[PDB]
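One chain is shown next in structure tokens, namely the form solved without the RNA.
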């Protein structure tokens, strides 16, 4: 739908670097119908050498297909439309397992809100939103500011729509370092891991 199938990718490169490469090309070529990042979710499977780039639209997505064969890190990124694939659901079980997080939320009540801490206060709202939105669709975004000063407190609460990208964003973002602060990303609730 809004995901492109890119193959012939360089084994070794990060999803972050490849995503920025595409974002840059979208901007420089004039493929962007809006500022920021056209890519909503970057999901790269380097094991089987295929990636699905989910864009914020379909227009830009279709426009990005023009770069089929683009030179990246020595490789030639093949850009085609993905195959007809349906995620096999469960009847009273899981076909196998997939990932603990899907089909687990049967009720609207769901502890899915992420707490993002370890951020500097010079980061403006737009940047923070853009960053987090580039790893999946956000349903809720509230940045904690100081009521008197006006600046950010350096942390926010944000909940993603999809249940897959949320933990994947944690795996990537949580562990980074913004200046002298280490980026801490987890869910606001957390029952009891003790790990």
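Residue numbers count along the first chain shown, from 1.
One more form of this protein, solved in complex with the RNA, exists but is not displayed; see below.
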Quick check for you: of 159 to 167, 45 to 53, 126 to 134, 30 to 38, which stretch puts a non-hydrogen atom within 4.5 Å of the RNA in the bound PDB entry? 45 to 53
Using a 4.5 angstroms cut-off on non-hydrogen atoms, would residue 82 count as touching the RNA in the bound PDB entry? yes
Indicate whether the RNA has at least one heavy atom within 4.5 Å of a heavy atom of residue 78 in the bound PDB entry. yes
Could you run down 131 to 168 and flag each residue that has a heavy atom within 4.5 Å of the RNA in the bound PDB entry? none
